[PDB]
Amino acid sequence: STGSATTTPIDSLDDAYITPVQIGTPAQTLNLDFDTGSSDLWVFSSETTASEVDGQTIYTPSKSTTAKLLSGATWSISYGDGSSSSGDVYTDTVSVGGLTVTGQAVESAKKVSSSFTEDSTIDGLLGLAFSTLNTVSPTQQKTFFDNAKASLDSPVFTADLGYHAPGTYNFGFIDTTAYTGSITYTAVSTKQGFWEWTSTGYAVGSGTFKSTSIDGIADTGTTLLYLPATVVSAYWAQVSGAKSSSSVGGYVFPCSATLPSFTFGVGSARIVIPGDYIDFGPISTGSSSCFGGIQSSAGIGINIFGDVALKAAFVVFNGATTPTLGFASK
Ligand SMILES: NCc1ccc(C(F)(F)F)cc1
């Protein structure tokens, strides 16, 4: 079987993408952030403290005939940006774009950090990294992709994120009309639980391609592109007036500048990120300083190929016994 769902940017900057997901019987539809950088399916619920909920749609397990409390199980998770959430665990039926999994662990948030509360467009997260990262204790739980794998036609899902436009998450098949040319596959390391791979180098604008190995993760749940300081300095040096700001927390540039493209390597292939994708707009309303979409990973400890990079490509997450990542131009 297969599934297919439209994903839509939450705002005008593509800060995140939400995808409708049906949970429970009868269906309760929540808009979840599909995150290949984590492995928990957690939702705002009727159990979330009332003061930490501001306009989100909530999951009510008491109204689902198929919901079952997973007795004794708890979860607690903290993201790389400092966000966090925690609560208890139900099992229920979960469907994405026609693809249904029964007995999926649905982690009901009892507490959520402030950054989730002030984001009324995101009802929760659907983790798509490897199940070794799932935070349910004492019995670790499988992700939606892992539970659906056996019944999928092909153990793959694809991310086709749009630039200021809706896109598509497909499960179980590769849409050969969604990309141009060939898909270039590259090996994945699962040792840290991430979709971790090695890029073969980079170029800035029309400059020469620098062959260098850049280890990093493919993370639909991270907005920006986080790369080593040497790479990020070489990019921003080509933008007049760009500088790293301590008060802002990253590279900023004059909103009147035009940004060069950024190219990253996938084996022998090249993926070009148009300069417009790197513009994240004024750092504050009315400001003439704009925030850059390519930032240094030095403070993080891992390089992150976030939405800025992934939306320039058609990306295949191949969850075969030997996992691989496929990239195609589109
Ligand atoms: N999008 C999930 C996520 C967030 C942060 C990280 C970090 F910071 F640990 F790399 C990995 C994955």
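Numbering of residues begins at 1 and proceeds along the displayed sequence.
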Applying a strict under-4.5 Å side-chain criterion to I, L, V, M, F, W and Y, I'd like to know whether [X] and [Y] cluster together.
| X | Y | result |
| --- | --- | --- |
| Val272 | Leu224 | no |
| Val43 | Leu69 | yes |
| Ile300 | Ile294 | yes |

Between the side chain of [X] and the main-chain N/O of [Y], is any donor-acceptor distance below 3.5 Å?
| X | Y | result |
| --- | --- | --- |
| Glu107 | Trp75 | no |
| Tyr17 | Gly162 | yes |
| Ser151 | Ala148 | yes |
| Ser154 | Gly172 | no |
| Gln295 | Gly292 | yes |
| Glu52 | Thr117 | no |
| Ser287 | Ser289 | yes |
| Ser39 | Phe130 | yes |
| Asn134 | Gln141 | yes |
| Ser113 | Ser84 | yes |

Quiz item: So, for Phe157 and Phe145, is the gap between ring centers shorter than 6.0 Å?
Solution: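 Aromatic pair counts; centres sit under 6.0 Å.
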Quiz item: Is the distance between the ring centroids of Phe305 and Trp195 less than 6.0 Å?
Solution: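 That pair fails the under 6.0 Å test.
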Would you check if there is a donor-acceptor pair between the side chains of [Y] and [X] at a distance under 3.5 Å?
| X | Y | answer |
| --- | --- | --- |
| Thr121 | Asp119 | yes |
| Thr25 | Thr65 | no |
| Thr324 | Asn318 | yes |
| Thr60 | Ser62 | no |
| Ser45 | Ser108 | yes |
| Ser131 | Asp146 | yes |
| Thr223 | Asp307 | no |
| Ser38 | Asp40 | no |
| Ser95 | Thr100 | yes |
| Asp175 | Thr177 | yes |
| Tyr79 | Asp35 | no |

Validation row: [X], [Y] side chains within 4.5 angstrom (heavy atoms):
| X | Y | answer |
| --- | --- | --- |
| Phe327 | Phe314 | no |
| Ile174 | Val316 | yes |
| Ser76 | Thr135 | no |
| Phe44 | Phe116 | yes |
| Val308 | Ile273 | yes |
| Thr48 | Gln56 | no |
| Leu259 | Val239 | yes |
| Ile271 | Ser329 | yes |

Quiz item: Could you walk me through whether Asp92 and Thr66 pass the side-chain hydrogen bond (donor to acceptor under 3.5 Å, both in side chains) check?
Solution: CA-CA 6 Å; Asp92 210 333; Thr66 41; 2.6 Å; yes
Spacing of [atom1] belonging to [X] relative to [atom2] belonging to [Y], to within rounding of 0.5 Å:
| X | Y | atom1 | atom2 | value |
| --- | --- | --- | --- | --- |
| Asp219 | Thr36 | CG | OG1 | 5.0 Å |
| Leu126 | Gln104 | CG | CD | 7.0 Å |
| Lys68 | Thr91 | NZ | OG1 | 6.0 Å |
| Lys311 | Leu225 | NZ | CG | 11.0 Å |
| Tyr169 | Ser4 | OH | OG | 12.5 Å |
| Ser85 | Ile77 | OG | CD1 | 6.0 Å |

Exercise. Assess whether side chain to side chain contact (heavy atoms under 4.5 Å, CB included) is satisfied between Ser261 and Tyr277, documenting all intermediate values.
Key: CA-CA 8 Å; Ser261 64; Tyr277 290 28; over 6 Å; no
Self-check item: Audit row: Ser83, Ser115, side-chain hydrogen bond (donor to acceptor under 3.5 Å, both in side chains) steps and yes/no
Solution: CA-CA 7 Å; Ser83 297; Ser115 41; 2.8 Å; yes
Practice problem: Walk me through it: do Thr49 and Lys111 pass the test side chain to side chain contact (heavy atoms under 4.5 Å, CB included)? | Solution: CA-CA 6 Å; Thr49 73; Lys111 267 222 177 28; 4.2 Å; yes
Self-check item: Derivation and outcome, side-chain hydrogen bond (donor to acceptor under 3.5 Å, both in side chains), residues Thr29 and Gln22
Solution: CA-CA 5 Å; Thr29 297; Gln22 280 72 46; 3.1 Å; yes
[X] and [Y]: which non-hydrogen atoms are nearest, and at how many Å?
| X | Y | answer |
| --- | --- | --- |
| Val89 | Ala105 | CG1-CB, 4.1 Å |
| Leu310 | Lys330 | O-NZ, 4.3 Å |
| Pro9 | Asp14 | CB-OD1, 3.3 Å |
| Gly3 | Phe173 | O-CE2, 3.9 Å |
| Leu32 | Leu41 | CD1-CD2, 4.0 Å |
| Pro282 | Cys290 | N-SG, 3.6 Å |

Practice problem: Starting from the C-alpha separation in whole Å, work towards a yes-or-no answer on side chain to side chain contact (heavy atoms under 4.5 Å, CB included) for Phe262 and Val231. | Solution: CA-CA 10 Å; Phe262 185 84; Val231 178; 3.8 Å; yes
Quiz prompt | Option passing ring-ring contact (aromatic ring centres under 6.0 Å, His included) with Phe253 (candidates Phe291, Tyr235, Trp236) | solution =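 When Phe291, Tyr235, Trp236 are each tested with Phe253, the ring-ring contact (aromatic ring centres under 6.0 Å, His included) holds only for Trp236.
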Quiz prompt | Ring geometry between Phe34 and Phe171 (parallel below 30°, tilted from 30 to 60°, perpendicular above 60°) | solution = perpendicular
Practice problem: Name all residues meeting the side-chain contact (heavy atoms from CB on, under 4.5 Å) criterion together with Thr57; count only those two or more places apart in sequence or in a different chain, and write none if there are none. | Solution: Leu30, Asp123
Quiz prompt | Stacked cation flag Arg270 on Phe264, 6.0 angstrom / 45 deg | solution =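 That pair does not qualify as a cation-pi contact.
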